[PDB]
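Please read the structure below before turning to the comments.
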Amino acid sequence: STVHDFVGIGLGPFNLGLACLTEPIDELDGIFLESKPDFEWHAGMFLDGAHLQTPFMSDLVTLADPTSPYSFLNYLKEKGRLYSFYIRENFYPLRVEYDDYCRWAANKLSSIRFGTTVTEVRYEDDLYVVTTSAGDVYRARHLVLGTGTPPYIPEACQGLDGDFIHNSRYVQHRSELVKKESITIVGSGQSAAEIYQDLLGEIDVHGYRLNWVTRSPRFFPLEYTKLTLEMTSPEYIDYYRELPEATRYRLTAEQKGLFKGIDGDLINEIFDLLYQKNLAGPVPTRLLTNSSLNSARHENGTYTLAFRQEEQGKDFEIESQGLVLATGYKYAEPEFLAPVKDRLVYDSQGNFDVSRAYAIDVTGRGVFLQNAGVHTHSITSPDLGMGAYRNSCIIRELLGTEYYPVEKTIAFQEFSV
Amino acid sequence: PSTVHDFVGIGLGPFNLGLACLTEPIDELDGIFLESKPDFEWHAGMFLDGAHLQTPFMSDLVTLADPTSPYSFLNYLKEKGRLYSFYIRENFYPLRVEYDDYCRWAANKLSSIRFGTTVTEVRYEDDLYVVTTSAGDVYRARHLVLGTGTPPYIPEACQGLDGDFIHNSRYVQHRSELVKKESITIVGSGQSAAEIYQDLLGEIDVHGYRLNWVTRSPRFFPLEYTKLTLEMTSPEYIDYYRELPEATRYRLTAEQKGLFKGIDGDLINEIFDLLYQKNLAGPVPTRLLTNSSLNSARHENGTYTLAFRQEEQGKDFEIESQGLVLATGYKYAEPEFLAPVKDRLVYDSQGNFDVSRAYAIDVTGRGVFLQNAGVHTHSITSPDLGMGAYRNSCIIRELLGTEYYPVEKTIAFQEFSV
Amino acid sequence: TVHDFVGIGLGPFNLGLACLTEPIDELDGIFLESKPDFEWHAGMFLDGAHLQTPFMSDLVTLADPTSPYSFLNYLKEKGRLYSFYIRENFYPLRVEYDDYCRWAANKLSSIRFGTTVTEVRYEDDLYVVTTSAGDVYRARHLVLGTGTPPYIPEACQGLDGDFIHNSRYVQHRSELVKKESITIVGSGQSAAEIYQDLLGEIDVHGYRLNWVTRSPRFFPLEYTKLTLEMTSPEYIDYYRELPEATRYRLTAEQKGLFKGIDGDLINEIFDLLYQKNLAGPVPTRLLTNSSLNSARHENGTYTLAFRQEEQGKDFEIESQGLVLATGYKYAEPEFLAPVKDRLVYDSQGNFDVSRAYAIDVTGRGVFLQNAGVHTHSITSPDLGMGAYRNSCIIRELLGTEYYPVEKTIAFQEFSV
Amino acid sequence: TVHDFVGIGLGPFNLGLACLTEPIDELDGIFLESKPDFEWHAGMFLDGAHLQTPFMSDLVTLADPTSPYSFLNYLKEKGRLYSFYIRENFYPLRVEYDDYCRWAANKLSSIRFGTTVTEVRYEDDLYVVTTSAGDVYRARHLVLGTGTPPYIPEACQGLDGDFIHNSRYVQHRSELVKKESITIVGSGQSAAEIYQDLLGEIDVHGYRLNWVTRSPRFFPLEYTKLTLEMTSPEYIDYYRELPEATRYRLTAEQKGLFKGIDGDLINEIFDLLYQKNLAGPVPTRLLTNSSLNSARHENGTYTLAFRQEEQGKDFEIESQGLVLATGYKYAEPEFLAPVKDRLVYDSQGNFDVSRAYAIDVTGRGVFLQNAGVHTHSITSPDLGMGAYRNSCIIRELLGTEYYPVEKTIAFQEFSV
Ligand SMILES: Cc1cc2nc3c(=O)[nH]c(=O)nc-3n(C[C@H](O)[C@H](O)[C@H](O)COP(=O)(O)OP(=O)(O)OC[C@H]3O[C@@H](n4cnc5c(N)ncnc54)[C@H](O)[C@@H]3O)c2cc1C
Ligand SMILES: Cc1cc2nc3c(=O)[nH]c(=O)nc-3n(C[C@H](O)[C@H](O)[C@H](O)COP(=O)(O)OP(=O)(O)OC[C@H]3O[C@@H](n4cnc5c(N)ncnc54)[C@H](O)[C@@H]3O)c2cc1C
Ligand SMILES: Cc1cc2nc3c(=O)[nH]c(=O)nc-3n(C[C@H](O)[C@H](O)[C@H](O)COP(=O)(O)OP(=O)(O)OC[C@H]3O[C@@H](n4cnc5c(N)ncnc54)[C@H](O)[C@@H]3O)c2cc1C
Ligand SMILES: NC(=O)c1ccc[n+]([C@@H]2O[C@H](COP(=O)([O-])OP(=O)(O)OC[C@H]3O[C@@H](n4cnc5c(N)ncnc54)[C@H](OP(=O)(O)O)[C@@H]3O)[C@@H](O)[C@H]2O)c1
Ligand SMILES: NC(=O)c1ccc[n+]([C@@H]2O[C@H](COP(=O)([O-])OP(=O)(O)OC[C@H]3O[C@@H](n4cnc5c(N)ncnc54)[C@H](OP(=O)(O)O)[C@@H]3O)[C@@H](O)[C@H]2O)c1
Ligand SMILES: NC(=O)c1ccc[n+]([C@@H]2O[C@H](COP(=O)([O-])OP(=O)(O)OC[C@H]3O[C@@H](n4cnc5c(N)ncnc54)[C@H](OP(=O)(O)O)[C@@H]3O)[C@@H](O)[C@H]2O)c1
Ligand SMILES: NC(=O)c1ccc[n+]([C@@H]2O[C@H](COP(=O)([O-])OP(=O)(O)OC[C@H]3O[C@@H](n4cnc5c(N)ncnc54)[C@H](OP(=O)(O)O)[C@@H]3O)[C@@H](O)[C@H]2O)c1
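From first to last, the protein sequence lines are chains A, B, C and D. The numbers in this note's numbering rise by one with no breaks, and the one at position 58 of the first sequence is 58. Offset between the second sequence (1-based) and this note's numbering: plus 1000. Offset between the third sequence (1-based) and this note's numbering: plus 2000. Offset between the fourth sequence (1-based) and this note's numbering: plus 3000.
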């Protein structure tokens, strides 16, 4: 029956931003399929005071069209909170506020189908046939994959017994963790430090042991200096994508400090808190680096975790009743892409050889990939501050026209000669 | 010549320009704006290097009334190809030259502005306000929105003073002359004076002049910018402040000076650090004096003879300076062109415009609207860029009868009235 | 046995005088403290609370950085100097500063704890100080350092119930958080710290939280560096020489210079209000320009009659908890009754403190720590000027200037 | 006359040793310095330049806060203590620290300025130190503190023209701004301060400003407090015990821990670029990943051959002015030639500095200040660990501890 211009699979910030940007475009009509009954953005990490790491301009539309009615500032105006935000004079919205803002934006759009899980994608008669778990079938000429990056746990914890959790479900399991006699957090990303700051603040009223163990060499901060922020730019992606595949993969091993790590102010608040608590006596906490969790066993409601200090070359074990795996996220190719696997391009490492224009299929403009492209677009791939730019390039290729102006240079420095 | 507009805006500063930007998509409103200068220009004499706004960029021409408006600072940055650079800069306060460039950019997009037009006479006839220009043109409108700003103020001691002294509003144009002199004296301790002092103190070793900073103020007090005090820049505080007695309001205007005047706290601290840095190499020939009012001045032998009095201590003293920079502020004066319609304007017991809560100054309560110059009725919000959109939205509401842009009634956590 | 001086009270100002006078052998002093050990406003030991002056304003440093009683040498001895080095924060925590003073007073032998002064007499060119236990000390000079007791409004004198002055907040916090409603009177630094503490857990206990003050705004502590130059020797020289009526009118105008709120705490309070208001309306009220004029206690509930002094309207507030954060005030200690004929007073009844911090007819017999805002402006209760004042006292007691006393420190001139 | 030790060189580390050993009567030391007086990188005395470590990292404070040679006591003597207190900045200006170090050296009795060491011999179980003037000193121990001389790329060895290393920038600034083009090579803190200085006057002189660096990014100095805990005694113990190949790999991947740009300075450079770009296109280039491989001089211009080592592309830059901010490197001094057999080397040819900072076969005869990143990681050139290493050196010299040597300062653990 009906054949749309494109189907959006998943409705996270990137595909929702595409939905807000394509809604006023008449000659371009797409639909978005989302498994959840409504938008929801990492609710398990809705800690008190938690905020974005990027300014409010990295919302769904502003960096492409500040006049769009779905901007964060327009959302604050409708809620009667714009003047209060003006006085707050903070660039970073709280996560619970950004999540409510996204739900508010998705509710203004009619191109979204909530409660719809894509289970099969087929290519028939020059059309992509999308089938959902409820049996509904959609057809279109292009696809925009925005399924995000699911949680990642070390394989040493796959099949582990007990009540251990990934950080993506921390808030729902907080009441149980604070009742235990010991808690161990694995990892040292931003989520680990937030949870560590959270549990360390109440370490007196509960009396547990708090262990923070990570494989990284240091609790390194997020490199947020402005000359480095210029690498989140179109001209750098131009230079980075043209590099040989071996150079891009070697860079990704050394560029994790540019988009991961801990907020510098959070590290300093954690030290200040440690200093404050230690005035009343020794604090029952441990912080270890260069230690990789290699195996874990459960018994009597207690975990025996085996680490190896890879730098020192020594093994040690830690016993703890609570286990929070703040081990990050990792993309895996969705199973619904199996019938069209022969139409998708791959690189010499088994991952999608994403084009400069964010395409992953043989035609070069049929299947578009949101996120999951660090090996081809560097730190800009999961960046909320580049979602409107990427959606601009996707709109430009889908439409042929540059509906939203796409900047070619933004940086004072040059990366290529 | 046969047209009757809904209103005529007199003067095109940031407040009336914001009204122009906000009424442009309103078809039921027919406005026209008359500006003396050939183009927009915003205190160009204070375009010192690095100088920036005291209010975040959301206090632009439209955003607090309509973030979706095409005349916002963010949309302007997007069009200039600078939006991502400002994103990385991560600074709420635009440069002054940047804000000026943005306002000229927005005025160029409108069709309702007549530049090079100086209003000389306003008359009332046939239930219409007749506005004559210096070129002889005549515009008729049902309403008026007055936005002529606040001209410079100099003390009575300097009226009819000889020499090359300057008010701070002409500093950038006279800077290359001032740095040649043997001594410079700054009078006043507002934000303008401190910016000039820092600029001249930064080059004190390159030019070898004495640098005097003398103020009538009791201290170099900072701009009170803490957030609970910022909540007084709100509509609910205006509701409270406006309905206070006239004597109470005039007393608060004398005491609320540190709320919207004074110096940025960061600038005061950077001044001290620079004094500390320069003092390492030897005595810095600079004087910082407070509680001292300039009572008399004369220009003889090519130099100035300033007579001060330390009002708190009660002792007179003199300062000799070849340069004189009066950073003594601005003050509104009733424009001459309103003379033929003073019978239709409402005044308080002090002789100033008894500006209504809805920003009207005429007898009907909705014919002549006043931008700025309303501190005695609207407190610190009167010259605040962060309340221009709010005032214009109330003005638009009185012109239409309907609230085109939503007008917030409460924004603050605290309460001011019981 | 007759000493050179007897110090009455052992707060930070007399303790600093103790550490500064220990190496001076030509001075014999003794200090009498009522309490068993040193304790500094322990009722305000809120979590994270810190000083409002940098650590260089400790007991000795601004007079002698080499003294062994410095905060830095204290940290060195506690194995915490390097951690403090990484902390890179000028402001010690309040519990830390209390522990530091306790560590310093207790390294000295000139302090007699558990000793309350009851009467002071002048008998043949000597000051004779008798204690509550009957013992008697004689000295040629006296150094009064008894501090400033809490102040409560007249509307609360003889008030029934369990209300507290903020100076006893830490002890009574467990019971206040049980109540259905809490009202804070005042808007100083103590009131805002308590408000921030109670607002942080307003969801946990679900009480209504009121913050009503007589101040016109929640004005911040004016802390910019050019204003800090008024905490200088040259400003006291200028301020003390002003006419007494000028000084008294100035004290009403310089409240924001030392009796406000830390600007960052004000901003933290607004952000917490903004944060909690996302979930729903926060049951809190913040009112200004309101004076507490009468209070009554009925069935564990307080009825507080307020008047908005600017608007001119009365209003009431019902609250089960009442925290008076209404500041402190110096009262003439009754043990000075026999020597009142030797003390100099001004036209308003307060001690006419000389520039050299003396309050007796000889200009060098009785010295007053603190309680001198009307003569020395904001420098009187300032920990940053405790070492300067003590070196001037030592200068009078010695005849020679032991510790170098700065004459000018500021870039600006206050006097012409 | 045979002393207990001879100090060779008088930089901050050996000057600190001199202040810490002055009150030790059981120790007889002497220090020999080539300069007529103390001078600390005066070629980098740009206006506003400050230390990157707090003032507690002075000559003595972290070992003995009571020492009369502390920065705070220097400020007291200069009548500048209160103004510094108002300044409330942890970082002294470089001109200030240089004046303070000169002040401390003039108070001491153990320094011979204008004395260059030309030879070191070992005979009769003593070290023989011969100066260029022919004077001969004997002592049981030696402490080497000759610093790290400038390093320039070998592509600039024997280069013609008026090019300079950044060590001499202030002396050549007047002539640099007259040229039509200036190129800075490298991206440490030195290069960034120079770029900011020249960019600030780019509208006054009309040169083109080039900033090219082999570094992959203009990375900031990692200064967050959990990383600062790696500058600690416990991290040195863990680090030194690691295998030698592991230590040499860490020195390559820890340049951002002490050899970056101050984060505030990066953001200021970007803001200045934003500001000046408002008026028009600013004539400046910033390039990374580019190594300088060849350089030749023509008339009064330089032709520089660069290679972007990542993109794999050669390019050239035409520049009249050349400023090499390429860092510093320790080379073994020639005066150690006769005693090389008594020194210990590792597999790479560098000194195998022990945990107690010794480099001689006896493990306690010759100590090395600085020049030990491969053995003590980022603490080796750090002013914040100068008093600690000097306290250990004094412990080895005196046989036991004189100043308290902390065993643990951090909250985290590095060894398991
Ligand atoms: C706690 C946290 C905070 C972060 N903060 C920031 C920040 O401040 N700035 C920044 O730049 N980055 C940030 N990131 C990184 C990144 O921007 C986010 O992870 C972001 O959510 C990624 O957007 P996405 O749409 O690609 O993924 P997601 O938000 O995970 O979108 C995936 C969506 O697709 C749906 N879906 C999945 N499979 C199917 C299917 N088969 N059919 C239909 N729907 C499906 C899912 O239900 C989900 O709604 C943060 C990440 C985390 C975890
Ligand atoms: C240097 C400086 C910086 C400031 N920065 C800020 C800030 O960051 N934030 C803030 O909130 N406030 C700020 N202010 C205060 C205030 O917002 C400004 O003074 C602002 O320019 C006032 O706008 P206005 O339109 O009322 O006056 P103006 O900008 O002065 O507008 C008056 C205009 O009307 C024209 N005009 C006058 N008479 C006539 C006539 N008869 N016919 C025709 N045209 C006429 C004039 O030519 C002029 O263009 C600043 C003030 C100064 C001086
Ligand atoms: C919570 C709080 C925090 C403050 N923080 C700062 C700050 O950071 N910086 C600053 O500059 N100022 C600060 N102040 C203000 C002021 O410096 C302090 O109040 C300071 O404690 C005053 O010192 P004092 O010795 O004069 O008074 P106190 O510290 O009160 O000393 C009085 C002492 O004398 C004893 N005493 C009283 N009567 C007798 C008697 N008859 N016989 C014997 N002993 C007696 C008392 O038991 C007590 O020990 C703060 C005040 C408060 C309340
Ligand atoms: N709005 C916000 O503030 C916010 C909040 C959360 C996340 N984010 C962003 O989301 C992204 C991910 O953040 P994240 O903190 O959730 O995850 P993350 O940054 O990827 O951190 C994962 C941590 O787990 C460690 N790890 C992995 N496997 C391990 C093993 N076997 N044993 C021990 N440690 C192991 C990793 O060490 P290695 O270093 O060796 O890999 C790493 O330290 C980042 O880009 C972040 O900026 C932002
Ligand atoms: N965006 C920006 O950065 C910026 C720049 C400039 C201005 N502004 C704002 O514009 C407004 C005016 O600023 P402004 O600094 O130009 O003026 P101002 O704040 O009014 O300062 C005037 C100074 O001159 C003093 N003075 C007046 N008459 C005197 C006399 N006879 N003798 C000695 N001193 C005398 C005044 O002392 P008294 O205190 O006794 O009156 C006062 O200190 C302010 O609200 C300001 O915030 C903002
Ligand atoms: N280490 C620290 O950070 C720290 C902590 C606490 C205190 N301090 C210092 O200790 C001193 C005292 O602090 P504080 O906050 O406890 O006292 P405070 O500064 O004197 O504040 C007292 C408050 O109570 C108000 N008040 C007085 N009588 C009232 C009445 N009848 N009705 C309503 N309100 C009334 C006052 O309003 P009015 O303005 O009208 O008088 C004032 O707002 C200050 O100098 C402070 O800087 C420092
Ligand atoms: N307190 C202060 O303000 C201050 C001031 C100056 C210095 N310092 C400290 O002194 C130490 C040295 O600082 P520094 O800035 O003088 O030097 P530096 O940190 O060692 O920086 C040297 C720069 O020159 C580059 N380089 C070397 N050879 C090159 C070549 N052939 N071609 C291109 N680039 C080349 C290096 O690239 P690579 O990255 O590949 O090596 C590096 O970027 C640091 O620890 C610093 O913290 C402190």
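A virtual CB, placed ideally from N, CA and C, is assigned to each residue, including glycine.
Backbone secondary structure at residue i - three-state DSSP
{"i": "residue 3041 (chain D)", "result": "coil"}
{"i": "residue 332 (chain A)", "result": "coil"}
{"i": "residue 3321 (chain D)", "result": "strand"}
{"i": "residue 1419 (chain B)", "result": "This structure does not reach residue 1419 (chain B), given that chain B is present from 1001 up to 1418, and the question cannot be answered."}
{"i": "residue 423 (chain A)", "result": "What the structure shows of chain A is the stretch from 1 to 417, and residue 423 (chain A) is not part of that stretch, so it cannot be assessed."}
{"i": "residue 296 (chain A)", "result": "strand"}
{"i": "residue 345 (chain A)", "result": "coil"}
{"i": "residue 213 (chain A)", "result": "strand"}
Integer-rounded CB distance, given that residue j should sit under 8 Å from residue i
{"i": "residue 3286 (chain D)", "j": "residue 14 (chain A)", "result": "At roughly 31 Å, the Cβ-Cβ gap does not stay under 8 Å, so residue 3286 (chain D) and residue 14 (chain A) are not in contact."}
{"i": "residue 2343 (chain C)", "j": "residue 2357 (chain C)", "result": "So it is not a contact: roughly 13 Å between Cβ atoms."}
{"i": "residue 190 (chain A)", "j": "residue 3242 (chain D)", "result": "Contact doesn't hold; Cβ gap of about 29 Å is too wide."}
Where the alpha helix (DSSP H) containing residue i begins and where it ends
{"i": "residue 3373 (chain D)", "result": "3373 to 3376"}
{"i": "residue 2388 (chain C)", "result": "2386 to 2398"}
{"i": "residue 3017 (chain D)", "result": "3012 to 3021"}
First through last residue of the beta strand (DSSP E) which encompasses residue i
{"i": "residue 2028 (chain C)", "result": "Where residue 2028 (chain C) is concerned, there is no enclosing beta strand (DSSP E), given that its DSSP letter is neither H nor E."}
{"i": "residue 3007 (chain D)", "result": "3002 to 3008"}
{"i": "residue 1286 (chain B)", "result": "1286 to 1289"}
| said: Report the start-end ranges of each alpha helix (DSSP H) in the region 3164 to 3210 of chain D that is 4 residues or longer and not cut off at the edges. | reply: 3169 to 3176, 3189 to 3200 and 3202 to 3205
| task | Enumerate, from N- to C-terminal direction, the unbroken beta strand (DSSP E) stretches of 3 or more residues contained entirely within the region 2088 to 2176 of chain C. | result | 2117 to 2122, 2127 to 2131 and 2136 to 2144
| Whole alpha helix (DSSP H) runs in the region 3220 to 3267 of chain D with 4 or more residues, listed along the chain? | 3225 to 3228, 3233 to 3240 and 3244 to 3252
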